[PDB]
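Sequential numbering from 1 along the given sequence is applied to the chain's residues. Basis for what follows: all heavy atoms, side chains included, without hydrogens, waters or symmetry-related copies.
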Amino acid sequence: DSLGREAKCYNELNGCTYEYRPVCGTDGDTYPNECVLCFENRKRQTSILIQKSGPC
């Protein structure tokens, strides 16, 4: 099934803000905000989900 939820890019056209609102990815890595995880998934064609909010 899934071990979390899909990371959204919040209608960001080119990039994300530097808002610090950390999410824990299903890879065990902290992403500074959800949107850099969404663009990371777009650029690498990966499917890291969000386990939960907060740092890992």
Side-chain angles (χ1 to χ4, degrees):
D1 52 65
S2 285
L3 249 49
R5 66 166 185 94
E6 191 181 313
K8 300 302 164 202
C9 278
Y10 291 83
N11 273 291
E12 287 294 346
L13 242 295
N14 284 121
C16 314
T17 66
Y18 295 148
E19 187 201 337
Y20 185 68
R21 181 188 290 261
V23 293
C24 178
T26 47
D27 61 344
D29 287 342
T30 302
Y31 289 89
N33 61 49
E34 179 173 353
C35 173
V36 305
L37 212 197
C38 175
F39 276 88
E40 193 54 33
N41 282 329
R42 291 184 174 179
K43 292 161 186 172
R44 285 190 295 158
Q45 293 305 300
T46 42
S47 47
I48 314 298
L49 302 177
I50 293 168
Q51 284 193 69
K52 58 173 220 299
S53 299
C56 296

*Asks:* So which heavy atom on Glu34 is nearest to which on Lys8, and how close?
*Replies:*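 What the structure gives for the nearest pair is OE2-N, 2.9 Å.
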*Asks:* Which distance, rounded to the nearest 0.5 Å, do you find between the CG of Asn41 and the OH of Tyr31?
*Replies:*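 The OH atom of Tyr31 is 7.5 Å from CG of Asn41, to the nearest 0.5 Å.
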*Asks:* Take atom CD of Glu12 as the centre, draw a 6.0 Å sphere, and report whether it contains more than 12 heavy atoms from other residues, nucleotides or ligands.
*Replies:*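 It does: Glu12 CD has more than 12 such atoms within range.
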*Asks:* Report yes or no: is the SG-SG distance between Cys9 and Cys35 under 2.5 Å?
*Replies:*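 No, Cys9 does not link to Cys35 through a disulfide.
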*Asks:* Quick one: pull up CG in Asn14 and CZ in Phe39 and give me the separation to the nearest 0.5 Å.
*Replies:*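 Here the interatomic distance stands at 7.0 Å.
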*Asks:* Closer than 3.5 angstrom, by distance alone: can the side chain of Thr26 be matched with the main-chain N or O of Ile48 as a donor-acceptor pair?
*Replies:*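 Side chain of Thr26 to backbone of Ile48: no pair is present.
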*Asks:* Within this structure, what is the NZ-CG distance for the pair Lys52 and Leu3, rounded to the nearest 0.5 Å?
*Replies:*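 It comes to 12.0 Å.
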*Asks:* Looking at every non-hydrogen atom in both residues, tell me the closest pair between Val36 and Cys16 and how far apart they are.
*Replies:*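 Heavy-atom minimum between the residues: N-SG, 3.7 Å.
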*Asks:* Looking at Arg21, I want to see if its CZ is surrounded by more than 12 non-hydrogen atoms of other residues, nucleotides or ligands under 6.0 Å.
*Replies:*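 For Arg21, atom CZ is not crowded (no more than 12 foreign heavy atoms under 6.0 Å).
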*Asks:* Any chance you could measure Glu6, atom CD, to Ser47, atom OG, to the nearest 0.5 Å?
*Replies:*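 Reported to 0.5 Å precision, the distance equals 9.5 Å.
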